[PDB]
Amino acid sequence: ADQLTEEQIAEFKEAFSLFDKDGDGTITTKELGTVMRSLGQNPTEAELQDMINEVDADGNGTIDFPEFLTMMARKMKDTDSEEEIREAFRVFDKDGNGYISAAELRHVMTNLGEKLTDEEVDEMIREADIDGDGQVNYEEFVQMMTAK
Amino acid sequence: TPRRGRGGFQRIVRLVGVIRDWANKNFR
Ligand SMILES: [Ca+2]
Ligand SMILES: [Ca+2]
Ligand SMILES: [Ca+2]
Ligand SMILES: [Ca+2]
């Protein structure tokens, strides 16, 4: 077999729309390197091509829906790491103040393309904030992510 | 930083998998 459940796959379908700028269902080296560096890095095209070739079926320089999923489906379906929480935190919070509040979170969601509500973000944070101080720290995040 | 896979790709894989977890599948 080579696939994931509606939940696990949920992130994959969505992710695909995050990588590709037009979300046509395929990401090329042009968009790859663009969104890649957009996060906070300055890699090379070489990685984009090589990495992509490792994911694309026809190896034309762009990954497809099943090609991206199948690759990540054959292995590693559900899991996390202390790094995902740190990197994540950096992806969520722009200034990375080691503490994200529902407000800033809402600003982030809508900043990327998500309309979150005050009650939604507030409930999302308070539910992830073990200390309930209005923000989320490392441990609070790592646990709320996997070690709930 | 994967071991022998796709950095940018896998990077996105984890990032998305993380946010999505807090996006909806958080307190399910
Ligand atoms: Ca495209
Ligand atoms: Ca292709
Ligand atoms: Ca902040
Ligand atoms: Ca807190």
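Assorted remarks:
- Neighbour cut-off at most 16 other Cβ (10 Å), DSSP loop, GluC sites (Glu not before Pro), the stretch A:1-95: A:54
- Simple spin-label estimate for residue A:50 and residue A:148 gives 3.8 nm between the two label positions (7 Å along the Cα-to-Cβ direction from each Cα).
- Each of residue A:77 and residue A:138 was given a label point 7 Å from its Cα along the Cα-to-Cβ line. The distance between the two points is 3.2 nm.
- Residues whose amide H comes within less than 5 Å of that of residue A:27, counting only those at least five positions distant or on another chain, are A:63 (H built at 1.01 Å from N in the peptide plane).
- Neighbourhood net charge (12 Å Cβ-Cβ; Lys/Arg +1, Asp/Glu -1) for residue A:67: -3
- ³J(HN,Hα), Karplus 6.51/-1.76/1.60, whole Hz, each residue of the stretch A:100-105, x for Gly, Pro: 10, 9, 3, 4, 4, 4
- Value of Rg/Rh across the stretch A:1-132 [Cα atoms, Kirkwood radius]: 1.00
- Distance between the C-alpha centres of the stretch A:121-148 and chain B: 18 Å, rounded to the whole angstrom.
- Every Cα-Cα pair in the stretch A:79-146 was counted, and those over 14 Å apart are 54% of them.
- Peptide A:83-95 is shielded by partner chain Cβ atoms: per residue, an average of 3 of them sit within 10 Å of its Cβ.
- Shielding by partners, peptide A:8-14 (average Cβ within 10 angstrom, other chains): 5
- About the Cα centre, charge dipole magnitude for chain A (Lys/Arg +1, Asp/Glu -1 at Cβ), debye: 320
- Nonlocal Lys pairs with alpha-carbon distance under 26 Å, the protein assembly as shown (8 or more apart, or different chains): 24
Values in this text are rule-based calculations from the coordinates and carry no lab data. When we count neighbours, we look across all protein chains shown, and the Cβ atoms used for this are built from the backbone with ideal geometry, even at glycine.
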